[PDB]
Amino acid sequence: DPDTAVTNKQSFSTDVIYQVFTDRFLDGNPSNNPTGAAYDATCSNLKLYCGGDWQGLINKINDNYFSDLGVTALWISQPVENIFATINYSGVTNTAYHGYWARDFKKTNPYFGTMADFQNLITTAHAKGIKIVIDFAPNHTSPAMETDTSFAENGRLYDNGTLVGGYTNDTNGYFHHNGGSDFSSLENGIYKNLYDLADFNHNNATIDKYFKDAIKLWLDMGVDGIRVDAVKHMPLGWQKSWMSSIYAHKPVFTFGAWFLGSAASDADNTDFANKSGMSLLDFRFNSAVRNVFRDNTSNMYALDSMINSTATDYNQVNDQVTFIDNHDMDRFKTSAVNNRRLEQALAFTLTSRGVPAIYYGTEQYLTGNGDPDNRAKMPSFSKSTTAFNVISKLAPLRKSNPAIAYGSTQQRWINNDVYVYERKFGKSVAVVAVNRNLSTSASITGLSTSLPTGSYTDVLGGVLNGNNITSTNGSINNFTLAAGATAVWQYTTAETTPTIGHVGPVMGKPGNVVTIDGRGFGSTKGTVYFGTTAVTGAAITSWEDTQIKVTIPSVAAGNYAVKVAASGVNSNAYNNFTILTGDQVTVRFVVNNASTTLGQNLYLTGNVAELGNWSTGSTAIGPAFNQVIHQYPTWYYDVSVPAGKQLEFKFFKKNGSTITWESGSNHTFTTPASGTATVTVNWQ
Ligand SMILES: OC[C@H]1O[C@@H]2O[C@H]3[C@H](O)[C@@H](O)[C@@H](O[C@H]4[C@H](O)[C@@H](O)[C@@H](O[C@H]5[C@H](O)[C@@H](O)[C@@H](O[C@H]6[C@H](O)[C@@H](O)[C@@H](O[C@H]7[C@H](O)[C@@H](O)[C@@H](O[C@H]8[C@H](O)[C@@H](O)[C@@H](O[C@H]1[C@H](O)[C@H]2O)O[C@@H]8CO)O[C@@H]7CO)O[C@@H]6CO)O[C@@H]5CO)O[C@@H]4CO)O[C@@H]3CO
Ligand SMILES: [Ca+2]
Ligand SMILES: [Ca+2]
């Protein structure tokens with residue numbers, strides 16, 4: 001199967017995701033519409049239901065709205081059953097139209113459709129070569145008040161009809177009862193309620209099993225990717241464990257939402273993206289893009305800086321999901337923001353690194369500030385807008401040109417208003433030039449690219465006032481980049497040598513199957529390398545010129561680099577591939593009496609790769625928590641660790657560069673075969 005096909009559940013780099021709020025798109029079947037006060041046929045009261053459902057998505061796939069638009073994947077609202085009650089928030093009536101107020105993760109939301117409608121959606125999508133990604137929120141259920149059970153549905157959870165439990169009288173501790181987060185710290189936001197939403201206590205084995213089971217259900221229905229909600233409000237440890245169970249079953253591209261306010265590096269966010277097993281919605285990319293194109297608060301240098309900075313911080317930048325806007329911010333379009341700028345931001349995104357996502361209605365220049373105003377009904381299906389055009393012309397390049405999907409980025413020319421960058425992968429190159437200035441053109445001189453000698457046409461056919469160029473061994477002849485212009489020139493050729501473009505997923509236990517997408521692998525089954533270990537024959541389940549499916553060998557757990565060797569020729573190395581010890585389980589380490597010095601933090605390390613393998617650096621677990629679940633001088637941390645294994649571990653305090661360990665012997669604990677556990681020790 002080519003890396004490009006719809007069957008590629010492990011990589012979304014050659015795709016273009018279209019994020020759509022199911023209720024606001026198209027009510028294909030009015031027979032499932034809510035009844036009474038929860039419904040608004042006109043769709044003027046954005047807090048109520050408008051009727052949009054799965055049949056609507058099906059319809060638009062069938063009449064090629066999406067196929068002509070160029071999108072190759074749909075990201076939909078959370079498919080599960082949500083609370084039926086209505087909530088009056090200080091005068092205003094609110095409904096679960098957004099899909100975020102889950103009540104039963106094992107059943108579908110009747111308003112969107114049935115199980116059948118859903119399967120029918122998967123089938124129709126795959127038939128047109130469109131992947132399906134689902135929103136999934138395991139952090140909570142619905143809004144609930146501990147004291148008043150008559151508010152909404154008191155956060156009650158169901159296991160395919162069977163009641164598991166509500167927020168009040170939660171004797172079993174299925175939820176956290178530590179008040180509501182004030183967002184003052186990472187820990188405060190993980191173990192307290194996100195507003196009035198009942199927060200799941202994932203340390204509870206029932207809850208742990210429920211979510212692994214529940215996700216298997218949807219994977220088994222053929223979903224191709226998962227968008228995890230509120231990753232910054234759940235423990236990294238649990239999540240990683242959860243992720244390894246997903247990858248051991250049916251690996252699918254998975255990314256989360258860790259909100260950020262600027263393009264500035266955020267340590268925790270970087271750490272999550274590199275250690276959790278999933279990637280993230282790229283908020284740094286978003287900010288920089290808006291500062292430059294929408295708000296005029298930054299110039300091209302800010303944009304280039306972010307490109308570099310992000311590429312440096314994230315292990316696999318090609319896995320971050322990019323966008324110009326979405327449901328958590330103002331629509332890109334304002335009366336004060338002109339069309340050409342929106343169009344430029346699209347073109348920029350479509351050609352830049354990562355996995356691009358377009359919030360529905362962007363092609364129709366939809367406006368709307370704040371929640372719920374930015375989630376208005378799809379206004380029209382005209383295929384005539386300039387923006388609709390750009391998407392259809394640029395999107396396909398993600399599949400046809402590997403420089404775009406897998407390439408690096410090099411700044412070729414820049415100044416306050418002009419930016420010219422180059423995407424390159426093997427012999428395939430792509431050059432994009434943008435002039436955000438709306439009134440004045442720019443004379444470009446001395447531009448060099450890797451474009452071979454020849455004359456190149458603007459891939460956009462001049463619709464954004466682009467021009468053609470002539471290369472003489474990279475040296476492009478002088479030309480003028482018109483006002484508000486943007487052009488794409490590219491060169492594609494067949495790769496002759498093995499060259500890896502993507503590997504998915506990048507975490508697993510021996511025995512799993514990963515996907516290696518690239519070029520020049522040739523059709524002769526060669527050899528795969530995990531560090532020094534050669535993997536050949538039957539262990540390589542599939543081999544093609546552009547994609548290899550291989551099985552993780554039984555080597556020591558750790559960080560590896562992956563190489564493909566085709567016909568004695570070695571390819572480039574894809575770094576930071578994590579090999580786990582085996583199945584995972586989440587364990588909460590607790591240590592008492594660990595008093596510290598001002599600015600001194602407590603960490604944890606032990607005898608397995610998952611605990612750092614006795615390291616005191618970036619591989620050590622921590623810094624531990626000491627406020628919500630357990631107060632200082634007791635510290636705690638939820639860590640993903642190997643199932644049924646005897647572990648040796650010790651805590652250690654670190655301030656500046658001086659390390660102080662626990663004395664005595666190492667602590668030992670044998671982990672359960674599955675589920676979760678708590679182990680409490682005393683600082684030595
Ligand atoms: O059901 C909840 C909610 O779910 C969805 O939203 C999710 C969103 O997609 C995620 O990104 C994330 O939210 C992050 C957010 O995007 C970031 O901006 C940031 O949030 C900060 C705020 O920006 C900042 O303003 C402040 O927040 C304070 C508010 O300003 C203040 O008004 C008040 O909030 C109260 C609301 O006014 C009130 O109406 C009620 O809220 C309900 C909403 O009206 C209703 O639409 C719905 O919201 C959905 C939303 O539509 C989905 O997109 O339900 C809400 C209640 O269930 O109650 C509010 C609280 O009383 O107080 C807040 C806090 O002081 O600070 C925050 C700091 O974080 O980060 C967010 C978290 O990362 O998660 C949400 C939820 O999953
Ligand atoms: Ca409907
Ligand atoms: Ca939480």
# chains A, B, ... in the order shown; residues from 1 in each chain; ligands from 1
call {"tool": "residues_around", "arguments": {"residues": "residue 577 of chain A", "least_positions_apart": "2", "cutoff": "7 Å", "atoms": "only C-alpha atoms", "output": "PyMOL selection string"}}
result
chain A and resi 506-507+559-561+575+579
call {"tool": "residues_near_ligand", "arguments": {"ligand": "ligand 2", "cutoff": "7 Å", "atoms": "only C-alpha atoms and all ligand atoms", "output": "list in words"}}
result
residues 27, 28, 29, 30, 31, 32, 33, 51, 52, 53, 111 and 112 of chain A
call {"tool": "closest_residue", "arguments": {"among": "A:115, A:85, A:231, A:317", "to": "ligand 3", "atoms": "only C-alpha atoms and all ligand atoms"}}
result
A:231
call {"tool": "closest_residue", "arguments": {"among": "A:292, A:234, A:73, A:186", "to": "ligand 3", "atoms": "only C-alpha atoms and all ligand atoms"}}
result
A:234
call {"tool": "atom_distance", "arguments": {"atom1": "atom CA of residue 413 of chain A", "atom2": "atom CA of residue 456 of chain A"}}
result
17.9 Å
call {"tool": "decode", "arguments": {"residues": "segment 282-332 of chain A", "atoms": "N, CA and C atoms", "output": "short mmCIF file (atom, residue, chain, number, x, y, z; two decimals), in the first residue's frame"}}
result
data_model
loop_
_atom_site.label_atom_id
_atom_site.label_comp_id
_atom_site.auth_asym_id
_atom_site.auth_seq_id
_atom_site.Cartn_x
_atom_site.Cartn_y
_atom_site.Cartn_z
N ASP A 282 -0.58 22.26 17.16
CA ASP A 282 0.51 23.20 17.22
C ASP A 282 0.11 24.65 17.52
N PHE A 283 -0.14 24.98 18.78
CA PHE A 283 -0.51 26.37 19.12
C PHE A 283 0.60 27.42 18.89
N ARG A 284 1.87 27.04 18.99
CA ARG A 284 2.93 28.02 18.76
C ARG A 284 2.84 28.45 17.29
N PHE A 285 2.74 27.46 16.40
CA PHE A 285 2.62 27.71 14.97
C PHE A 285 1.41 28.63 14.74
N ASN A 286 0.27 28.30 15.36
CA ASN A 286 -0.94 29.12 15.21
C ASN A 286 -0.73 30.59 15.59
N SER A 287 -0.20 30.84 16.79
CA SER A 287 0.05 32.21 17.27
C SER A 287 0.90 33.02 16.30
N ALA A 288 2.07 32.48 15.97
CA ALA A 288 2.98 33.15 15.07
C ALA A 288 2.25 33.48 13.77
N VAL A 289 1.55 32.50 13.22
CA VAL A 289 0.81 32.74 11.99
C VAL A 289 -0.21 33.88 12.10
N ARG A 290 -0.95 33.95 13.21
CA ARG A 290 -1.95 35.00 13.39
C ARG A 290 -1.33 36.37 13.66
N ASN A 291 -0.25 36.38 14.42
CA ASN A 291 0.47 37.61 14.73
C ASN A 291 0.93 38.26 13.45
N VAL A 292 1.42 37.44 12.53
CA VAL A 292 1.90 37.94 11.24
C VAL A 292 0.84 38.27 10.19
N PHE A 293 -0.03 37.31 9.90
CA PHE A 293 -1.06 37.47 8.87
C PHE A 293 -2.38 38.12 9.22
N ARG A 294 -2.88 37.85 10.42
CA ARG A 294 -4.14 38.41 10.88
C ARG A 294 -4.01 39.72 11.65
N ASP A 295 -3.28 39.70 12.75
CA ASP A 295 -3.16 40.87 13.62
C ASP A 295 -2.06 41.90 13.38
N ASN A 296 -1.14 41.65 12.45
CA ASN A 296 -0.03 42.56 12.16
C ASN A 296 0.76 42.98 13.39
N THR A 297 0.87 42.10 14.38
CA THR A 297 1.61 42.41 15.59
C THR A 297 3.04 41.84 15.51
N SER A 298 3.37 41.14 14.43
CA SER A 298 4.72 40.59 14.24
C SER A 298 5.07 40.67 12.76
N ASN A 299 6.35 40.51 12.42
CA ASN A 299 6.73 40.48 11.01
C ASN A 299 7.27 39.09 10.64
N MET A 300 7.66 38.91 9.37
CA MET A 300 8.17 37.63 8.90
C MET A 300 9.24 37.01 9.79
N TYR A 301 10.13 37.82 10.37
CA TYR A 301 11.15 37.24 11.25
C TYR A 301 10.55 36.39 12.40
N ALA A 302 9.41 36.81 12.94
CA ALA A 302 8.72 36.08 14.00
C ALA A 302 8.31 34.71 13.48
N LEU A 303 7.84 34.69 12.24
CA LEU A 303 7.37 33.47 11.62
C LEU A 303 8.51 32.46 11.40
N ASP A 304 9.62 32.94 10.87
CA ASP A 304 10.79 32.10 10.61
C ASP A 304 11.39 31.60 11.92
N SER A 305 11.40 32.46 12.93
CA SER A 305 11.93 32.13 14.24
C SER A 305 11.18 30.93 14.82
N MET A 306 9.85 30.99 14.75
CA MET A 306 9.01 29.93 15.26
C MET A 306 9.28 28.62 14.53
N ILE A 307 9.44 28.68 13.21
CA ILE A 307 9.74 27.49 12.40
C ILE A 307 10.98 26.81 12.97
N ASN A 308 12.03 27.59 13.17
CA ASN A 308 13.28 27.07 13.72
C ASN A 308 13.12 26.58 15.14
N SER A 309 12.63 27.45 16.01
CA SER A 309 12.43 27.09 17.40
C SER A 309 11.62 25.79 17.60
N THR A 310 10.51 25.64 16.88
CA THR A 310 9.67 24.45 17.02
C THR A 310 10.39 23.19 16.55
N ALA A 311 11.03 23.28 15.39
CA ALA A 311 11.81 22.17 14.83
C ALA A 311 12.87 21.71 15.84
N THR A 312 13.34 22.63 16.68
CA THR A 312 14.36 22.29 17.65
C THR A 312 13.75 21.63 18.87
N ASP A 313 12.60 22.13 19.32
CA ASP A 313 11.97 21.59 20.53
C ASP A 313 11.27 20.25 20.48
N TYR A 314 10.56 19.98 19.39
CA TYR A 314 9.82 18.74 19.24
C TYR A 314 10.63 17.70 18.46
N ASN A 315 10.63 16.48 18.98
CA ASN A 315 11.34 15.37 18.36
C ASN A 315 10.82 15.09 16.95
N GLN A 316 9.50 15.11 16.76
CA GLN A 316 8.95 14.91 15.43
C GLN A 316 7.98 16.05 15.10
N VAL A 317 8.56 17.14 14.60
CA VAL A 317 7.78 18.29 14.24
C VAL A 317 6.71 17.98 13.15
N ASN A 318 7.01 17.06 12.23
CA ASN A 318 6.05 16.70 11.19
C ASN A 318 4.76 16.08 11.74
N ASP A 319 4.70 15.82 13.05
CA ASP A 319 3.49 15.26 13.64
C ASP A 319 2.61 16.27 14.36
N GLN A 320 3.00 17.54 14.36
CA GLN A 320 2.19 18.53 15.06
C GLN A 320 1.12 19.03 14.13
N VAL A 321 -0.09 19.18 14.66
CA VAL A 321 -1.20 19.62 13.84
C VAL A 321 -1.36 21.15 13.77
N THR A 322 -1.18 21.69 12.57
CA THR A 322 -1.26 23.12 12.32
C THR A 322 -2.65 23.61 11.89
N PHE A 323 -2.92 24.89 12.15
CA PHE A 323 -4.21 25.51 11.82
C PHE A 323 -4.13 27.02 11.98
N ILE A 324 -4.97 27.75 11.24
CA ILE A 324 -5.00 29.20 11.35
C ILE A 324 -6.06 29.65 12.40
N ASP A 325 -6.99 28.75 12.71
CA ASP A 325 -8.02 28.99 13.74
C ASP A 325 -8.82 27.73 14.11
N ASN A 326 -9.73 27.87 15.06
CA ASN A 326 -10.60 26.76 15.47
C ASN A 326 -11.57 27.18 16.56
N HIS A 327 -12.24 26.20 17.15
CA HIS A 327 -13.26 26.44 18.16
C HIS A 327 -12.84 27.08 19.48
N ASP A 328 -11.55 27.24 19.73
CA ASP A 328 -11.09 27.84 20.99
C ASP A 328 -10.61 29.27 20.83
N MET A 329 -10.82 29.84 19.65
CA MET A 329 -10.37 31.21 19.44
C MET A 329 -11.25 31.91 18.43
N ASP A 330 -10.96 33.17 18.17
CA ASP A 330 -11.76 33.92 17.21
C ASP A 330 -11.50 33.42 15.84
N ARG A 331 -12.53 33.49 15.00
CA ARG A 331 -12.40 33.10 13.61
C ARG A 331 -11.33 34.02 13.04
N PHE A 332 -10.52 33.48 12.14
CA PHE A 332 -9.43 34.21 11.53
C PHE A 332 -9.97 35.46 10.86
#
